[PDB]
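By convention here, the first residue in the shown sequence is residue 1. Order of appearance sets the numbers: ligands from 1, and atoms from 1 within every ligand.
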Amino acid sequence: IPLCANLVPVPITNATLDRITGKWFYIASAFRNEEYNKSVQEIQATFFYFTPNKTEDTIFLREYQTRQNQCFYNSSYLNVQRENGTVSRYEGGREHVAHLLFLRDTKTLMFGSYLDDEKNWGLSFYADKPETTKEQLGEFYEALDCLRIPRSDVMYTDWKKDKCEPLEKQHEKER
Ligand SMILES: CC(C)N(CC[C@](C(N)=O)(c1ccccc1)c1ccccn1)C(C)C
């Protein structure tokens, strides 16, 4: 099985939307795009919820980000472009598009940014737990290997640093 196979766009079905539904933890990312490297540098932890709306091709996103030892919560909707296998988010006068990609491990997922551009591409890595196994991490490294991004360029979260669970639990009461 060739290295790049899981870096090819895959159309998103209802089944794909079911598979991504729920809580994910941000594990790691690496990009050649400087803007993304800059934004991500400062993220210490992040977890999020996806609630797809299959009929509107949107996904409701609730996001719990830790930067500078404090909790920033945002909710918004992503749009789904099923055929291209991408999801998009409007983030300040700009639509941002990412390819939804998969690894052998069904408890992970990744998003590819600027995948058609060798000067800007990158990958972000997510798991259903804030800790990953060495198998999950190797799959991610292999994907980076395909983009010729060295492993040493990877930026990681630190689940020790999460400042957001006290907000998530406070949100659970109301909902
Ligand atoms: C700052 C933080 C929010 N970013 C993630 C952006 C991302 C992605 N490409 O993984 C996305 C961007 C644009 C369009 C879709 C998805 C996403 C994935 C899952 C959840 C939140 N957001 C960093 C790690 C780059």
Side-chain angles (χ1 to χ4, degrees), residues 6-12 16-53 56-103 105-117 120-130 132 136-137 139-140 143-144 146-147 149 153-159 161-164 167-168:
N6 64 148
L7 291 245
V8 177
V10 51
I12 294 161
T16 310
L17 293 168
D18 283 8
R19 168 177 182 171
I20 70 171
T21 300
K23 198 184 176 166
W24 298 92
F25 293 82
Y26 170 48
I27 305 302
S29 71
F31 310 84
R32 284 167 181 192
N33 177 253
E34 284 335 69
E35 293 73 26
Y36 266 109
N37 279 331
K38 279 252 311 174
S39 85
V40 166
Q41 260 192 326
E42 313 190 321
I43 306 174
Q44 301 166 119
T46 293
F47 64 90
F48 72 83
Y49 295 79
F50 274 161
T51 311
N53 185 329
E56 336 272 329
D57 283 7
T58 61
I59 306 160
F60 188 48
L61 167 71
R62 309 197 299 284
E63 176 179 84
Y64 293 83
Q65 187 164 163
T66 301
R67 316 190 302 269
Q68 300 112 64
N69 314 112
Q70 59 198 241
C71 186
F72 307 101
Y73 169 84
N74 292 100
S75 92
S76 63
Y77 284 87
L78 313 186
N79 293 331
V80 173
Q81 305 73 43
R82 285 179 187 254
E83 67 301 302
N84 293 165
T86 62
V87 154
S88 73
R89 181 179 189 170
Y90 204 117
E91 245 161 332
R94 264 176 176 153
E95 222 216 353
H96 288 284
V97 182
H99 285 81
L100 174 58
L101 300 168
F102 294 108
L103 309 87
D105 194 319
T106 209
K107 293 158 146 292
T108 67
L109 58 75
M110 86 189 151
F111 281 91
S113 306
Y114 311 115
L115 271 192
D116 56 334
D117 179 0
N120 284 287
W121 58 31
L123 290 171
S124 286
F125 182 58
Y126 301 87
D128 69 15
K129 294 170 183 167
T132 56
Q136 291 171 342
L137 213 55
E139 293 179 2
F140 181 52
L144 291 170
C146 163
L147 302 184
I149 299 169
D153 283 336
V154 179
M155 290 162 294
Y156 299 91
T157 51
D158 190 348
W159 189 244
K161 306 270 209 205
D162 167 62
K163 284 256 84 73
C164 271
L167 199 56
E168 165 196 63

Between ligand 1 and the protein, tabulate every N or O atom pair separated by less than 3.5 Å, reporting distance only.
residue	atom	partner	partner atom	Å
ligand 1	10 (O)	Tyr126	OH	2.8
ligand 1	22 (N)	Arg89	NH1	3.1

Are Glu35 and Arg94 ion-paired here, with the side-chain N under 4.0 Å from a carboxylate O?
no

Positive for ring pair (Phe, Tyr, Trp, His ring centres under 6.0 Å) with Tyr26, one of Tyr126, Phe111, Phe125:
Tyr126

Could you check whether the rings of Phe47 and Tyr49 sit parallel, tilted or perpendicular, using 30° and 60° as the cut-offs?
perpendicular

Non-hydrogen atoms of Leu17 and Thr21 that approach each other most closely:
O-OG1, 2.7 Å

If the test is side chain to side chain donor-acceptor pair (under 3.5 Å), which one of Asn69, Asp158, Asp162 qualifies with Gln44?
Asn69

Could you tell me which residues satisfy ring pair (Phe, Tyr, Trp, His ring centres under 6.0 Å) with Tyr73, sequence neighbours excluded, listed by chain and number?
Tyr64, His171

